[PDB]
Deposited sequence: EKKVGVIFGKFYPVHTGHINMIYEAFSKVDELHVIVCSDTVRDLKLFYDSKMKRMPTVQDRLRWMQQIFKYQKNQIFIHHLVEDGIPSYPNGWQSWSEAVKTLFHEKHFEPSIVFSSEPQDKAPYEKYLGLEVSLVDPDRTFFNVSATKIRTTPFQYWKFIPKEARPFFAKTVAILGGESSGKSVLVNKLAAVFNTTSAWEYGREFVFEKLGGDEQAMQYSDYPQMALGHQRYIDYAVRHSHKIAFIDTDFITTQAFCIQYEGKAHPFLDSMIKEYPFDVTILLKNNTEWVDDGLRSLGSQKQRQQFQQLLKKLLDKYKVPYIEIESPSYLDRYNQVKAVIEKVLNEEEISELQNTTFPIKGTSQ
C-alpha cells in the first residue's frame, strides 16, 4: 500500500502551530509532502504591510522547512508551489488545483489524503483535488497562534516562533562606544538581565592590544576576517535571541577602526555594512573618569551619519547611570517603538 499525505501553506512565517500539525499528519503516514505556496504580489503585500525589517525569500522559507524537518527529510518532503495569476483564495481552486496537479507530476508523487484546519477546504479538496481530508485542531486548542499575529507583533508571540525564523523577527541592538570596555560589560549585563543573548566584539583581544602600542596587532588585511567572525557571533545571538540581541560593536566600528589606522577604507567592510543593518544602534559618550579617543567617536558619527544610520546617542556621568539610560530605551523596544534619537 503505502499511505501518502500533502499539506499546503504560505508559512509566512512558520510557527510551532504549523510545526506541531505537520508532525501530527506525519504520524498518520509513511510519507508526507509539504508544499510551501508563494504569490509574488500577495507575499509582497504581507511583508510591507507588516513591520518586518528584511523580507523572507521563497528560498528563506523553503529552507526553514527544509531545516525544521531535516532529521525526517527521508519521508517528509518540501516543495514550492507558485500561485501567481491564480485568483484570490476563496475561489480559484479550479485554477489552483491545476498547478497542484502539475506539481504532483513533475515531482512524481500522488498523495491520497490532505491535512489542514480551515474546514472550509474539505469539500473543495474533495471536489477539485479529490482527496480524503482530515481536520486537525481548528479550534487552535493547542498553539493558539497565527502567521498574522506573529507577523504583526512578534514579541507577544515569541514562544511560537521556531528558531529558524527568529532572524526575521528578532531585533538587534548594537552598542558603539570607546574602548571604555564598560561597553562589553554593559552589553553582557543587558543580555543577562533580559534573559537573552549577546554577540561580543570579535577579536577584542587584539583591539585592546593595538590601541595599546602594538601597531601590528591588528592590520588592514585582518579586518575582513574579524568582521566575518563578528558575524558568526551575531548569528548565534539571533538564532538564540529571546526577542532582542545585544551586539557589542557593529561593522561600522570596524570600518572606523580600519580608516583611523590605515587612512583607507576597505570595500569588504563596506559591503558588510550594507548587508547587515541593525535594528537599533546606540552610541555611548563619556567624559568623566584626553587622548585620541574623541577622534574615534568623531569618526564614528561621521561614518554613522553617512550610510544613513539612524542612531541614538547617549551621554552619561557614571556607569550605573548609563546602564539605566540604555535599559530604558530597550524597554521601549520590547514594547513601544519609534525612537530615532529617542524620546530622550
property: Gaps in the model (deposited sequence, numbered from 1); result: 290-300, 356-365
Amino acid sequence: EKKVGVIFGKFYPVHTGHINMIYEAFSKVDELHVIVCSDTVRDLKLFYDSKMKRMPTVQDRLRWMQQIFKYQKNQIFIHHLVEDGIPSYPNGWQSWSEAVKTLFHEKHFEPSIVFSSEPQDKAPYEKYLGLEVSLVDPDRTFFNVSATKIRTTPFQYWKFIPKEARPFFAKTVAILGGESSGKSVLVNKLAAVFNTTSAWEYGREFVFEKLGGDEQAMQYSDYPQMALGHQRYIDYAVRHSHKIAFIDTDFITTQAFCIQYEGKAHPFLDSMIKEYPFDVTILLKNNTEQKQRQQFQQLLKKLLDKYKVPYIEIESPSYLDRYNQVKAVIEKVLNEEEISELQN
From here on, numbers count along this sequence of modelled residues.
| property | result |
| --- | --- |
| Entry-level comparison of average CA B-factors, 146-154 and 227-235, reporting the higher stretch | 146-154 |
| Mean C-alpha temperature factor, higher of 254-262 and 125-133 | 125-133 |
| Options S271, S88, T197, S184 - largest CA temperature factor per the record | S88 |
| Of the residues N188, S180, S241, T249, the one carrying the largest Cα B-factor as recorded | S180 |
| Within-chain third of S97 by Cα B-factor, per the entry | highest |
| Relative C-alpha B-factor of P167, binned into the chain's lowest, middle or highest third | lowest |
| Chain-wide C-alpha B factor ranking for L176, given as lowest, middle or highest third | middle |
| Chain-relative CA temperature factor third for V29 | middle |
| Lowest, middle or highest third - CA B-factor, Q72 | lowest |
